[PDB]
file data.txt (compact mmCIF, C-alpha atoms)
# COMPACT_ATOMS: atom_id res chain seq x y z
CA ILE A 104 8.02 -41.87 1.94
CA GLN A 105 10.25 -41.64 5.02
CA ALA A 106 10.98 -37.99 4.28
CA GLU A 107 7.29 -37.27 3.66
CA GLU A 108 6.47 -38.94 6.96
CA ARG A 109 9.02 -36.67 8.61
CA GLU A 110 7.38 -33.60 7.08
CA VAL A 111 3.88 -34.67 8.12
CA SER A 112 5.03 -35.42 11.66
CA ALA A 113 6.65 -31.97 11.81
CA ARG A 114 3.40 -30.31 10.76
CA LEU A 115 1.62 -32.43 13.34
CA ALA A 116 4.07 -31.39 16.07
CA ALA A 117 3.62 -27.69 15.26
CA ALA A 118 -0.16 -28.10 15.22
CA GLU A 119 -0.10 -29.90 18.55
CA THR A 120 1.96 -27.09 20.08
CA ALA A 121 -0.34 -24.35 18.75
CA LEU A 122 -3.43 -26.25 19.90
CA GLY A 123 -2.13 -26.51 23.45
CA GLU A 124 -1.13 -22.86 23.53
CA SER A 125 -4.56 -21.85 22.22
CA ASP A 126 -6.34 -23.99 24.78
CA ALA A 127 -4.33 -22.52 27.66
CA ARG A 128 -4.84 -18.94 26.49
CA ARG A 129 -8.51 -19.74 26.01
CA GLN A 130 -8.82 -20.98 29.57
CA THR A 131 -7.13 -17.87 30.98
CA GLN A 132 -9.27 -15.45 29.01
CA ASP A 133 -12.33 -17.60 29.68
CA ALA A 134 -11.91 -17.25 33.43
CA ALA A 135 -11.15 -13.56 32.96
CA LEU A 136 -14.30 -13.06 30.89
CA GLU A 137 -16.44 -14.82 33.48
CA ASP A 138 -14.95 -12.58 36.17
CA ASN A 139 -15.62 -9.59 33.92
CA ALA A 140 -19.26 -10.65 33.65
CA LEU A 141 -19.60 -10.85 37.43
CA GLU A 142 -17.87 -7.50 37.97
CA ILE A 143 -20.06 -5.78 35.42
CA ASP A 144 -23.06 -7.21 37.27
CA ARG A 145 -21.70 -5.63 40.47
CA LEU A 146 -21.23 -2.24 38.83
CA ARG A 147 -24.75 -2.38 37.44
CA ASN A 148 -26.01 -3.06 40.98
CA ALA A 149 -24.05 -0.16 42.47
CA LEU A 150 -25.48 2.01 39.72
CA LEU A 151 -28.90 0.71 40.79
CA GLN A 152 -28.52 1.83 44.37
CA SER A 153 -26.81 5.15 43.71
CA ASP A 154 -29.25 6.12 40.97
CA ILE B 104 5.09 -46.86 6.59
CA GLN B 105 2.10 -46.35 4.28
CA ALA B 106 -0.31 -47.18 7.10
CA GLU B 107 1.54 -44.93 9.53
CA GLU B 108 1.39 -42.16 6.94
CA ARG B 109 -2.36 -42.61 6.58
CA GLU B 110 -3.07 -42.47 10.30
CA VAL B 111 -0.73 -39.53 10.89
CA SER B 112 -2.26 -37.63 7.98
CA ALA B 113 -5.76 -38.25 9.31
CA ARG B 114 -5.02 -37.19 12.87
CA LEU B 115 -3.08 -34.14 11.69
CA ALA B 116 -6.10 -33.21 9.61
CA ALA B 117 -8.23 -33.40 12.75
CA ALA B 118 -5.65 -31.25 14.56
CA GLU B 119 -5.91 -28.62 11.83
CA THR B 120 -9.68 -28.64 12.21
CA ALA B 121 -9.36 -28.08 15.94
CA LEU B 122 -6.81 -25.31 15.57
CA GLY B 123 -9.00 -23.44 13.10
CA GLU B 124 -11.97 -23.66 15.46
CA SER B 125 -9.82 -22.57 18.39
CA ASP B 126 -8.44 -19.62 16.43
CA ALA B 127 -11.94 -18.40 15.60
CA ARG B 128 -12.92 -18.52 19.25
CA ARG B 129 -9.64 -16.84 20.15
CA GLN B 130 -10.92 -13.93 18.11
CA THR B 131 -14.46 -13.88 19.49
CA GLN B 132 -13.40 -14.27 23.12
CA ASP B 133 -10.78 -11.55 22.93
CA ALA B 134 -13.09 -9.09 21.17
CA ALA B 135 -15.90 -9.68 23.67
CA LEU B 136 -13.48 -9.29 26.56
CA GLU B 137 -12.29 -5.99 25.12
CA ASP B 138 -15.88 -4.78 24.79
CA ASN B 139 -16.63 -5.70 28.38
CA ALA B 140 -13.43 -3.91 29.41
CA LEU B 141 -14.78 -0.78 27.73
CA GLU B 142 -18.02 -1.31 29.64
CA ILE B 143 -16.06 -1.60 32.89
CA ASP B 144 -14.40 1.75 32.26
CA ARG B 145 -17.66 3.48 31.29
CA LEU B 146 -19.49 2.25 34.38
CA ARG B 147 -16.48 3.40 36.41
CA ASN B 148 -17.09 6.90 35.09
CA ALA B 149 -20.87 6.70 35.55
CA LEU B 150 -20.75 5.56 39.16
CA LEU B 151 -18.06 8.12 39.96
CA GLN B 152 -20.23 10.94 38.62
CA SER B 153 -23.40 9.70 40.31
CA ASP B 154 -21.83 9.17 43.73
CA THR C 359 -29.51 -5.71 31.31
CA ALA C 360 -31.77 -7.26 28.68
CA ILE C 361 -30.24 -5.03 26.01
CA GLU C 362 -26.74 -6.07 27.08
CA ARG C 363 -27.69 -9.75 26.94
CA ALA C 364 -29.45 -9.34 23.60
CA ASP C 365 -26.44 -7.60 22.06
CA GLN C 366 -23.93 -10.19 23.24
CA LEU C 367 -26.23 -13.05 22.21
CA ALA C 368 -26.62 -11.58 18.72
CA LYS C 369 -22.83 -11.39 18.54
CA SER C 370 -22.67 -15.06 19.54
CA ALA C 371 -25.22 -15.89 16.85
CA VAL C 372 -23.06 -14.16 14.25
CA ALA C 373 -20.08 -16.21 15.41
CA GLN C 374 -22.13 -19.41 15.24
CA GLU C 375 -23.23 -18.55 11.71
CA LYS C 376 -19.61 -18.04 10.69
CA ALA C 377 -18.65 -21.38 12.25
CA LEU C 378 -21.37 -23.26 10.38
CA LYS C 379 -20.31 -21.59 7.14
CA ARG C 380 -16.75 -22.80 7.71
CA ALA C 381 -17.91 -26.31 8.59
CA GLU C 382 -20.16 -26.54 5.55
CA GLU C 383 -17.41 -25.36 3.22
CA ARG C 384 -14.97 -27.91 4.54
CA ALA C 385 -17.60 -30.65 4.45
CA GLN C 386 -18.12 -29.67 0.82
CA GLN C 387 -14.40 -30.20 0.30
CA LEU C 388 -14.71 -33.62 1.92
CA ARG C 389 -17.59 -34.49 -0.39
CA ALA C 390 -15.64 -33.38 -3.47
CA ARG C 391 -12.64 -35.48 -2.47
CA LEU C 392 -14.92 -38.48 -1.92
CA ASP C 393 -16.49 -37.96 -5.35
CA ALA C 394 -13.13 -37.83 -7.13
CA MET C 395 -12.18 -40.98 -5.23
CA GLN C 396 -15.32 -42.72 -6.48
CA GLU C 397 -14.58 -41.73 -10.07
CA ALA C 398 -11.12 -43.23 -9.65
CA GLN C 399 -12.76 -46.40 -8.36
CA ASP C 400 -14.88 -46.43 -11.52
CA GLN C 401 -11.84 -46.23 -13.78
CA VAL C 402 -10.14 -49.00 -11.82
CA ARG C 403 -13.29 -51.07 -12.29
CA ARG C 404 -12.91 -50.61 -16.04
CA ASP C 405 -9.29 -51.75 -15.73
CA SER C 406 -10.42 -54.85 -13.84
CA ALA C 407 -12.92 -55.64 -16.58
CA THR C 408 -10.10 -55.39 -19.11
CA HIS C 409 -8.03 -57.83 -17.07
CA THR D 359 -39.91 -5.60 22.91
CA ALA D 360 -36.36 -6.11 24.18
CA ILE D 361 -37.36 -9.25 26.09
CA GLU D 362 -39.23 -10.60 23.07
CA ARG D 363 -36.31 -10.08 20.69
CA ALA D 364 -33.82 -11.52 23.18
CA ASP D 365 -35.98 -14.62 23.54
CA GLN D 366 -36.22 -15.00 19.76
CA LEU D 367 -32.45 -14.85 19.37
CA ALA D 368 -32.08 -17.30 22.27
CA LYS D 369 -34.26 -19.77 20.37
CA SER D 370 -32.29 -19.17 17.16
CA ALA D 371 -29.01 -19.71 19.02
CA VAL D 372 -30.32 -23.02 20.36
CA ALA D 373 -31.40 -23.97 16.83
CA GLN D 374 -27.98 -23.34 15.32
CA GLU D 375 -26.43 -25.22 18.21
CA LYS D 376 -28.51 -28.20 17.11
CA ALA D 377 -27.59 -27.60 13.46
CA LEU D 378 -23.89 -27.50 14.28
CA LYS D 379 -24.26 -30.76 16.19
CA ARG D 380 -26.04 -32.35 13.21
CA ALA D 381 -23.44 -31.18 10.70
CA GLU D 382 -20.79 -32.56 13.04
CA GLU D 383 -22.23 -36.07 13.12
CA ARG D 384 -22.86 -36.00 9.38
CA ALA D 385 -19.30 -34.89 8.66
CA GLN D 386 -18.09 -37.69 10.92
CA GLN D 387 -20.27 -40.16 9.01
CA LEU D 388 -19.10 -39.04 5.59
CA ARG D 389 -15.53 -39.20 6.87
CA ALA D 390 -16.27 -42.80 7.79
CA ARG D 391 -17.51 -43.31 4.21
CA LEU D 392 -14.23 -41.93 2.89
CA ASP D 393 -12.55 -44.46 5.16
CA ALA D 394 -14.74 -47.32 3.91
CA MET D 395 -14.00 -46.61 0.27
CA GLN D 396 -10.36 -46.42 1.34
CA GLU D 397 -10.41 -50.04 2.49
CA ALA D 398 -12.36 -50.82 -0.68
CA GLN D 399 -9.52 -49.37 -2.72
CA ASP D 400 -6.95 -51.35 -0.73
CA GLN D 401 -8.79 -54.57 -1.54
CA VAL D 402 -9.21 -53.63 -5.19
CA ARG D 403 -5.52 -52.75 -5.42
CA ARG D 404 -4.47 -56.17 -4.21
CA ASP D 405 -7.06 -57.66 -6.57
CA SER D 406 -5.49 -55.89 -9.54
CA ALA D 407 -2.12 -57.07 -8.27
CA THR D 408 -3.30 -60.68 -8.37
CA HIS D 409 -4.74 -60.30 -11.86

call {"tool": "encode", "arguments": {"input": "data.txt", "output": "structure tokens"}}
result
Amino acid sequence: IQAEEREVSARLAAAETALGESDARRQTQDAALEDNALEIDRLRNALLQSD
Amino acid sequence: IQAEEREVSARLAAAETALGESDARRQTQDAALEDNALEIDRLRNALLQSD
Amino acid sequence: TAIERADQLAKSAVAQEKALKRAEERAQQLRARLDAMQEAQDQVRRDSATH
Amino acid sequence: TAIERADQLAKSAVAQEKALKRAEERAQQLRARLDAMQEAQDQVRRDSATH
């Protein structure tokens, strides 16, 4: 049972690393996607005026 | 050790849930960001031509 | 703009549908595990009657 | 027609947001039921030990 506990804690450690990495990457691309939304709004407006 | 095994197994199971959910939204966020990047490029071309 | 919003929102709806399908499948797994556990409780009840 | 269809999919997206919430609480509840039968099995195990 000690060995099995070791294995389960190892799986838990790997999962906790991947979760943190996913959350960080998610935050970066989330900010980027919000900025992308704003920029596309700007380009649509410039298309408004020039058209 | 049995009790510690139970609690670790439970909270690892929750961690697996969260990592699956986060992986799915990894996919959706990155695909949507790529689509909006394509839109950025296409509006670049459109506004260039119009101006 | 309305077409852009409608397209991205339909994409989000498809993602949400996929997420609920995943959640329902894994909840089904939880239910099946609970049911097997209950059957085990039944057999142990028979053992207790024998004692 | 675009505005109408976008509004319809907005309502559907809100609906599946509610459905995901519901399935989440119900999965949490049935997980609690797994837990409850787990303590039930612990008690019944010590009962069989005494017998």

call {"tool": "interface_residues", "arguments": {"input": "data.txt", "of": "chain B", "to": "chain A", "cutoff": "8 Å", "atoms": "all atoms listed in the file", "output": "VMD selection string"}}
result
chain B and resid 104 to 105 108 111 to 112 115 118 to 119 121 to 122 125 to 126 129 132 to 133 136 139 to 140 142 to 143 146 to 147 149 to 150 153 to 154

call {"tool": "calpha_fit_rmsd", "arguments": {"input": "data.txt", "fixed": "chain D", "moving": "chain C"}}
result
1.1 Å

call {"tool": "residues_around", "arguments": {"input": "data.txt", "residues": "residue C:385", "least_positions_apart": "2", "cutoff": "10 Å", "atoms": "only C-alpha atoms", "output": "PyMOL selection string"}}
result
(chain C and resi 379-383+387-391) or (chain D and resi 381-382+384-386+388-389)

call {"tool": "atom_distance", "arguments": {"input": "data.txt", "atom1": "atom CA of residue C:392", "atom2": "atom CA of residue D:400"}}
result
15.2 Å

call {"tool": "calpha_fit_rmsd", "arguments": {"input": "data.txt", "fixed": "chain A", "moving": "chain B"}}
result
0.5 Å
